[PDB]
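Order of the sequence lines sets the chain letters (A, B, ...), proteins ahead of strands, with each chain counted from 1.
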Amino acid sequence: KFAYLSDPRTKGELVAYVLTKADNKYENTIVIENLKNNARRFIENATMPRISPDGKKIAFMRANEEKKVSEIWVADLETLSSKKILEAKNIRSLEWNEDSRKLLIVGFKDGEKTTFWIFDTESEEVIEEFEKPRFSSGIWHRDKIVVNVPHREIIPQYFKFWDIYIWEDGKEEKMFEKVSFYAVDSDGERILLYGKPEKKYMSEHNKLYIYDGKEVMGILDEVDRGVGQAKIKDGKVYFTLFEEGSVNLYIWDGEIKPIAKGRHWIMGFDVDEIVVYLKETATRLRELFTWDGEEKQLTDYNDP
Amino acid sequence: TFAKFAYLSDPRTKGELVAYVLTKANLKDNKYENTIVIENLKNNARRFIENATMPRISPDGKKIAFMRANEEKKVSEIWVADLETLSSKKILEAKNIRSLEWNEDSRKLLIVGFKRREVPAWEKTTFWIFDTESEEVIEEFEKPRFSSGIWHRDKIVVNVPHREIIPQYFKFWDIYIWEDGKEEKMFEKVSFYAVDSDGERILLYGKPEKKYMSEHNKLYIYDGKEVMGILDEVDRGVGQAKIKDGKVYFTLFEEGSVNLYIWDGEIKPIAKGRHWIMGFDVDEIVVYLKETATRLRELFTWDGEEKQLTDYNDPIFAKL
């Protein structure tokens with residue numbers, strides 16, 4: 001079989017991704033590549049690569065058989081002394097704080113709870129923990145956490161709605177009540193919201209909105225397309241659109257401009273100093289590319 | 001602070017009967033209460049079942065199955081009311097109920113849900129077949145979490161998530177057909193799942209085979225020969241879909257509206273306009289909930305022509 005790439009990530013001039021190949025069973029491996037060197041590192045049986053903004057550390061998930069546990073590890077990129085920091089039944093998200101110190105882990109140990117752990121690198125331990133209803137999710141907003149929780153109602157509902165809180169040190173305030181979007185990213189100032197506008201919950205497409213404490217501002221209101229994945233970085237939002245057989249990557253900075261548009265589908269991207277993504281085509285499996293204004297191919301596992 | 005209104009959900013029809021859930025604030029007990037209303041289309045006569053949701057009228061119009069929440073036990077109960085003998089009873093207790101569906105014979109009842117200890121719509125999944133004649137559960141089986149099932153004549157078509165160990169993100173399903181404790185695989189690792197059957201054709205919902213798939217779910221019909229798409233050339237999201245006598249009834253999300261259509265080899269509108277259709281059903285007649293910018297959802301029928309059946313929220317203004 002071929003090499004199947006997942007979960008492209010970048011910070012500084014490092015890029016990382018998951019490589020899936022088959023011996024017995026299928027095998028995941030994190031590859032870490034420097035973009036002025038091209039030498040590669042290897043974490044075996046690892047998934048969910050997340051590297052700190054400052055580039056000193058990488059967190060990851062390792063699947064574990066027998067105990068049937070999902071493990072969270074953290075390692076120094078230099079010395080590479082990895083250590084297991086947490087165990088859970090399942091992990092839904094893993095995200096570094098801007099300070100390259102705190103890690104947010106969301107996962108599962110009426111009914112079930114989503115657990116949010118905050119790991120500290122200096123203490124070298126989990127320092128806070130809280131629980132929310134099921135299907136909850138969260139993201140860092142500076143040192144606060146923006147938490148999405150499903151909207152609970154006694155009146156039967158046809159559409160699915162969300163409450164959104166901002167959380168800090170055990171206390172929280174409700175941002176939105178019964179809305180049709182949820183928070184997916186933040187640049188520490190603007191929160192990026194994915195979904196449908198308030199009262200137009202019956203609308204056709206998932207789109208994007210920015211919120212800073214003043215008003216909710218759509219950035220795709222007049223584009224009749226649906227969004228795949230989106231990120232925000234320094235006030236600019238990077239996002240993928242479903243467009244007639246293709247999935248294309250765009251940037252918004254007040255104007256929508258294309259990063260990677262064509263007969264392809266972009267399946268995962270990340271952006272720090274340089275935009276990185278996985279692009280697949282009809283004939284070729286997804287390879288890793290970079291984009292600094294111009295596209296460059298970084299991987300060629302599936303040559304043929 | 002507001003809620004002065006009646007909130008309608010889950011429209012159903014069999015023969016000359018329609019039913020739905022009416023939800024309303026009890027100003028005495030200070031909480032919302034769900035009531036099933038059963039209306040006869042010939043004379044507009046109504047019947048009520050208090051403290052109930054999930055109305056399911058038996059094909060022969062002689063029974064209704066429904067769900068009752070026990071707040072104090074944290075369990076959902078399945079009940080059956082006999083509209084002829086005017087009696088009802090609890091037939092099953094479970095933690096949660098996913099679906100409730102009568103067999104064509106108005107005797108067997110398929111319940112899918114989650115057992116109790118000791119896509120807009122109104123660690124194992126358990127499937128129960130309850131027999132109203134025998135008055136007991138006659139078949140019961142478990143599948144992995146997030147499985148689902150529908151009747152296909154006297155068989156059950158079962159959708160099971162295709163987990164596989166190749167980590168991914170497009171959702172795949174295996175689909176089996178089940179009878180008398182034995183099953184057969186019909187589809188292996190497909191990006192759709194069975195949502196309805198008319199006894200002959202199976203209606204499938206999901207995303208195209210092959211690389212192309214992406215934004216919207218689509219509708220497909222399995223006829224015993226090939227899986228055929230019926231909306232591949234229409235770039236719109238699909239809501240709910242049902243198949244009856246080989247015709248497919250479905251909602252599309254179009255430009256801020258949600259419209260109801262019928263497919264019979266070509267697509268024709270049933271209820272198209274600046275509105276949203278919030279659930280529908282079809283037997284001899286089509287029934288649906290329709291909401292607008294200025295009006296909360298009310299019940300409507302369609303037999304070639306639209307007729308408004310309810311006016312709870314505008315009882316003076318609406319019916320002139």
Side-chain angles (χ1 to χ4, degrees), chain A residues 135 158 160, chain B residues 54 56 96-103 110-114 119-129 141-179 183-232 234 236-244 246 248-253 263 279-282:
Chain A
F135 308 128
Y158 197 57
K160 68 160 185 170
Chain B
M54 299 200 74
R56 302 293 186 268
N96 191 243
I97 299 295
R98 190 197 199 87
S99 57
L100 184 58
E101 187 187 11
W102 285 103
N103 183 290
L110 178 64
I111 307 155
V112 184
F114 295 87
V119 185
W122 287 118
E123 211 172 62
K124 297 283 179 181
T125 311
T126 300
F127 296 69
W128 298 268
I129 300 186
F141 62 94
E142 290 184 346
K143 293 297 194 175
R145 189 172 277 283
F146 315 123
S147 298
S148 61
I150 59 161
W151 284 110
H152 184 55
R153 296 211 179 281
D154 279 330
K155 300 193 190 185
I156 298 154
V157 172
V158 180
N159 311 300
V160 183
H162 184 95
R163 206 107 58 210
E164 76 177 6
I165 318 168
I166 304 166
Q168 94 303 147
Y169 188 48
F170 295 128
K171 292 206 174 187
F172 289 98
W173 306 84
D174 297 332
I175 304 167
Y176 299 85
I177 193 146
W178 193 98
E179 190 174 26
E183 85 188 346
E184 208 183 344
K185 181 138 58 180
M186 285 181 73
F187 298 102
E188 171 61 27
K189 196 190 164 178
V190 291
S191 46
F192 47 73
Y193 57 89
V195 290
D196 202 9
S197 169
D198 63 12
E200 296 300 337
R201 284 181 186 176
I202 293 166
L203 182 62
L204 309 152
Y205 186 86
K207 293 178 179 59
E209 177 206 40
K210 91 157 283 93
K211 300 246 188 168
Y212 179 44
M213 295 175 195
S214 302
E215 194 185 0
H216 299 310
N217 293 304
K218 296 282 183 193
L219 294 170
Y220 308 86
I221 297 177
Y222 180 54
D223 57 350
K225 298 183 180 180
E226 274 189 18
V227 174
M228 101 153 191
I230 62 163
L231 294 168
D232 297 347
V234 172
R236 299 289 186 191
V238 176
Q240 182 191 358
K242 291 181 157 150
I243 188 159
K244 171 142 187 58
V248 174
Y249 298 78
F250 64 97
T251 58
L252 245 40
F253 286 67
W263 179 91
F280 69 96
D281 198 18
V282 50

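Applying ring-ring contact (aromatic ring centres under 6.0 Å, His included) to B:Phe192 and the options B:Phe187, B:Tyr205, B:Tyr222 leaves one that passes, B:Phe187. For the side chain to side chain donor-acceptor pair (under 3.5 Å) with B:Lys242, the lone residue among B:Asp196, B:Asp281, B:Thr251 that qualifies is B:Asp281.
A heavy-atom distance below 4.5 Å is found between the side chains of B:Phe127 and B:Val158. Contact of the B:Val112 side chain with the B:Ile97 side chain is not registered, since no non-hydrogen atoms from C-beta on lie closer than 4.5 Å. B:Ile230 is listed as a side-chain neighbour of B:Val248, based on a closest heavy-atom distance under 4.5 Å.
Taken to the nearest 0.5 Å, the OG atom of B:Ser197 stands 12.0 Å off from the CD1 atom of B:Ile156. Separating the NZ atom in B:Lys211 from the CZ atom in B:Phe170 is a distance of 9.5 Å, to the nearest 0.5 Å. Here the CZ-NE2 distance, from B:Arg201 to B:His152, works out to 12.0 Å after rounding to the nearest 0.5 Å. For the atom pair CE of B:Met228 and CG of B:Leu219, the computed distance is 11.0 Å after rounding to the nearest 0.5 Å. Taking NZ from B:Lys189 and CZ from B:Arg163, the interatomic distance works out to 14.5 Å, rounded to the nearest 0.5 Å. Residue B:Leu110 holds its CG atom at 5.5 Å from OG of B:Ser99, rounded to the nearest 0.5 Å.
Nearest approach of B:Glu164 to B:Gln168, heavy atoms of both residues: O-NE2, 4.4 Å. For the residue pair B:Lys124 and B:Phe114, the shortest heavy atom distance occurs at O-CD2, 3.2 Å. B:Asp154 and B:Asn103 make their closest contact through OD1-ND2, 3.0 Å (heavy atoms, listed as atom of the first residue, atom of the second, distance).
When the salt bridge (charged side-chain N to carboxylate O under 4.0 Å, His left out) test is applied to B:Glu123, no partner is found at least two apart in sequence or on another chain. Taking the salt bridge (charged side-chain N to carboxylate O under 4.0 Å, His left out) definition, one finds that B:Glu179 meets it with nothing, sequence neighbours left out.
Within a 6.0 Å radius of CD in B:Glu209, other residues, nucleotides and ligands contribute 12 heavy atoms or fewer. No more than 12 heavy atoms of other residues, nucleotides or ligands shown are found within 6.0 angstrom of NZ on B:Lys171. Residue-environment remark: CD (B:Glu184) stays at or below the threshold of 12 foreign heavy atoms within 6.0 Å.
Remark: side-chain polar atoms of B:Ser191 are paired, donor with acceptor, to backbone N or O of B:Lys207 under 3.5 angstrom. Judged purely by atom type and a 3.5 angstrom limit, B:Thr125 has no side-chain atom pairing as donor or acceptor with the backbone of B:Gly113. Put simply, the side chain of B:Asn159 gets close to the backbone of B:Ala194: a donor and an acceptor are under 3.5 Å apart. Put simply, the side chain of B:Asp198 gets close to the backbone of B:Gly246: a donor and an acceptor are under 3.5 Å apart. Remark: side-chain polar atoms of B:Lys244 are not paired, donor with acceptor, to backbone N or O of B:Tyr249 under 3.5 angstrom.
B:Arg56 and B:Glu101 are not joined by a salt bridge, as no carboxylate oxygen comes within less than 4.0 angstrom of a charged side-chain nitrogen.
Aromatic rings from B:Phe250 and B:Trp263 are positioned such that their centres are separated by 6.0 Å or more.
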task = May I have the step-by-step check of side-chain contact (heavy atoms from CB on, under 4.5 Å) for B:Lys185 and B:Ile175, ending in yes or no?
result = CA-CA 6 Å; B:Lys185 181 138 58 180; B:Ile175 304 167; over 6 Å; no

Applying side-chain contact (heavy atoms from CB on, under 4.5 Å), run through B:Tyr220 and B:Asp232 and close with a yes or a no.
-> CA-CA 9 Å; B:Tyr220 308 86; B:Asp232 297 347; 3.9 Å; yes

Which is it for B:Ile202 and B:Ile221 under the side-chain contact (heavy atoms from CB on, under 4.5 Å) test, yes or no, and what are the steps along the way? CA-CA 6 Å; B:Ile202 293 166; B:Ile221 297 177; over 6 Å; no

Which is it for B:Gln240 and A:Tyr158 under the side-chain contact (heavy atoms from CB on, under 4.5 Å) test, yes or no, and what are the steps along the way?
CA-CA 11 Å; B:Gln240 182 191 358; A:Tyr158 197 57; 4.0 Å; yes

Query raised in the report: Stepwise, does the salt bridge (charged side-chain N to carboxylate O under 4.0 Å, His left out) test hold for B:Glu200 with B:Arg153?
Result: CA-CA 8 Å; B:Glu200 296 300 337; B:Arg153 296 211 179 281; 3.1 Å; yes

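Taking the centre and axis of the six-membered ring of B:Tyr176, the NZ or CZ atom of B:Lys143 falls inside the cone set by 45° and 6.0 Å.
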